[PDB]
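Structure first, commentary second.
Coordinate-derived values only; no laboratory data. Don't worry about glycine lacking a Cβ; one is built from the backbone with ideal geometry, like all the others, and counts go over all protein chains shown.
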Amino acid sequence: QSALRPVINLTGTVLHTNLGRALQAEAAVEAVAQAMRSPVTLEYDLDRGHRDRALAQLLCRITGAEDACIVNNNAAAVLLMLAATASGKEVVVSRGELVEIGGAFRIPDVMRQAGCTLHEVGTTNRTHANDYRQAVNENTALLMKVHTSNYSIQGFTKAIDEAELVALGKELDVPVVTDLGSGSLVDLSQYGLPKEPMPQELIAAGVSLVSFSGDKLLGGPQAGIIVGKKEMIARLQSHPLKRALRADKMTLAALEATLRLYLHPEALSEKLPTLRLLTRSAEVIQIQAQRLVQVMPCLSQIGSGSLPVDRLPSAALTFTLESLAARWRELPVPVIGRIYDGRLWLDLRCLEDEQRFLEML
Amino acid sequence: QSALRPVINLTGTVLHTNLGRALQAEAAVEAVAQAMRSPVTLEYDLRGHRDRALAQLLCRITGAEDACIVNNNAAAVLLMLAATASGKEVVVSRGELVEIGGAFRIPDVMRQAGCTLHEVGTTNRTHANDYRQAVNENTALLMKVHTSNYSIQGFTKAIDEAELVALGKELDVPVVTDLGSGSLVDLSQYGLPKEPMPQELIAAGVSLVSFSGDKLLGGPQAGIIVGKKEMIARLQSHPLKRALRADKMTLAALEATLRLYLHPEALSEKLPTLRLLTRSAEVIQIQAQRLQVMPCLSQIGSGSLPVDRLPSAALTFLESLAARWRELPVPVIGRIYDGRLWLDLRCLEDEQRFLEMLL
């Protein structure tokens, strides 16, 4: 058996960064299979033709931006954005937005790689608009707002919103870019989940470029999507780095099929596996746990793109340890649970097929 | 009536930074009055230094070799940086560059103190290798700042003081700490959130620890630096110290407050800050009923996380009412929330005056 084997994610973290993040929809799977099995017009426009013009039009329809650019991932998106829009110049970032994701991604390190100069303003908790204003000079190329997707600072805090920073950049003739990261395309508060900033809101507020992932709250493939001004995007596409960061035909097919799900929001909670697992009701989980060793309430973390706070009720079955987990990790379809509160918990929020799962245990 | 008139703090914030922060004990008041009325041996050893006996008291309580006392903890940090790291780099985590109140800001304080701020790691996740890579021949300190007014939650990582002390010992670089809150007792014993103590930092091997005296300590506005005798002697000999030296009222209040910590069992009663913090919710409910009344939540105040953590009971009654109350000789300050005016009764100790004044 290969190491890329299926695994039943019962840890309660739906968007596990180490387990492939978001599961893709059946439409995305079918589009990917069709693109793999048969030749597709990747860079051959029937009407030469660019690689992601259809994707750019779809993203213009959804978010409302002028143009779009697709790269390997959001780390590549930030790298390309900084290298093509702020190379050799300063970038002003709040001292409380210098984010680290996972461990391999660090904003100061990305600025070092991209050839920019990181200008840090304000403090970790309190950043004021005057801190941004005092740092803008002739060498400043961007005002960068990074969305702290994996952490939140609580207490005595102050952050300048994107509208204020866009107004300040318009006054000082400095573009404002955003590393949104999570890239939730719908209002999560409608589904009872915590609200996250949307690319539509940032695009409407006047942000020149907004970069977000595709495997996070978007529910698609690993991709880095940069949407915004036509001039800025055209700068990105013409950069020498883009050839290294361009997106595969499987990635483009999955991304387009996923984005077409957002054109019919009524079925979005059903067609999108990420949303279906996130908005799964707790009563159904309780019933499934009882049907399938004690069942008690647990809390499930959303995963990547959202704050690691659990914030989601669920029901889990517990085994009342280390050797049991080791034995479970050796199955043809490994079952990963969590050693929480001295017990082995199997959160049943992400268990979609009970018939298959019950065979291994 | 002056602008420093008494005010009945019913906002639920016990340690209101804009309202004098911590209230002082009766022993502190008596010692202050005694030093106020009569001459005291401020610099006359029965010459001796200004704060030798108070440094002895701090050594007894915390366990440090020596101690220095300045105007406030902002002055403590400024003097520490200007006397131990002037002209040299200081390594501070990128997630500890803190702003307190609005006038105190770590990068600006380091700029004023003549040091070079070296920022390591990221805002949420700082590793020990980030500290290690920044240490060079120009590095003078590894500074750990306690984020007293905020907490970063989520995917985070902070290097504790023990690891940093070990790293500095390996690299021959001293480690200092801007503790700030300066809680001298384990608050978890009273059901309150635990906060780092100067005793723990001094035991762990931190060269210098600076904390306030009006925060969780419950004394006067003072900046107390405790640590190694050599670095303290560097602080006391700095030109800045003369500008930052502490008043005789400050020293009297600080000693009378610190002497309460030598009698821990009565500390929950003789310390007004602790007495208001450990006040039971049932008594507040009874007092509110005697004086609508519904549950509310109260903040600890300065030095702790600004979160409505402590259960309490509030009396509710809008903006014109607050404006009329602010005209009173003994003003009553409440909070406007949910279209209602709330008075938290956790911090109310004299119900007779408040009842007479409201009626």
Distance (nanometres) between label positions extended 7 Å along Cα→Cβ at residue B:190 and residue A:330: 5.5 nm
Under 16 Å from the Cα of residue B:169 - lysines, other chains or at least 8 residues apart: B:144, B:228
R0 = 41 Å: FRET efficiency of residue A:60 with residue A:133, Cβ-based, nearest 0.05? 0.80
Explain nothing, just compute: Karplus ³J(HN,Hα) = 6.51 cos²θ - 1.76 cosθ + 1.60, θ = phi - 60°, for every residue of segment B:242-254 in order, whole Hz, x for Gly and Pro. 4, 6, 9, 4, 9, 6, 5, 5, 4, 5, 4, 4, 5
So, in Å, what gap is there between the alpha-carbon centers of segment A:95-165 and segment A:183-199? 23 Å
For residue A:181, the residues 5 or more places away or on another chain with a placed amide H closer than 5 Å to its own amide H are A:211, A:212, A:213
Label zone at residue B:26, where the point sits 7 Å out along the Cα-to-Cβ direction: segment B:246-266 residues whose backbone N lies under 19 Å: B:253-266
What helix-only [θ] at 222 nm does chain B give? Using -39500 (n - 2.57) per DSSP H run of at least 4, over all residues, to the nearest 500, the answer is -9500 deg cm²/dmol
So what J values fall out for segment B:324-339 if you push phi through Karplus, 6.51 cos²θ - 1.76 cosθ + 1.60 with θ = phi - 60°, rounded to Hz, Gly and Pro as x? 5, 5, 5, 7, 5, x, 10, x, 10, 10, x, 10, 9, 8, 6, x
Can you list the trypsin sites (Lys or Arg not before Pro) in segment A:184-284 that are in a DSSP coil and have 13 or fewer other beta carbons within 10 angstrom? A:195
Kindly provide the Kirkwood hydrodynamic radius of the protein assembly as shown in Å, to one decimal, from all pairs of distinct alpha carbon atoms. 29.0 Å
Report, ordered by chain and residue number, the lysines lying within cross-link reach of residue B:270, taken as a straight Cα distance under 29 Å and ignoring same-chain residues fewer than 8 apart. B:194, B:215, B:248
For segment B:66-210, what's the relative contact order in percent, using C-alpha pairs closer than 8 Å and at least 6 residues apart? 22 percent
Among B:14, A:335, which comes first, then next, by fewest other beta-carbon atoms within 10 Å? A:335, B:14
Once phi is turned into θ = phi - 60°, what whole-Hz ³J(HN,Hα) does the Karplus curve with 6.51, -1.76 and 1.60 give for every residue of segment A:123-140, x standing for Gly and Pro? 10, 5, 9, 10, 10, 10, 5, 5, 5, 5, 5, 6, 8, 6, 9, 5, 8, 6
Given the pairs A:89/A:229; A:216/B:157; A:195/A:271; A:89/A:216, which are separated by over 25 angstrom at their Cα positions? A:89/A:216
Dmax and Rg, reported as Rg then Dmax, of chain A (C-alpha, Å): 21.7, 67
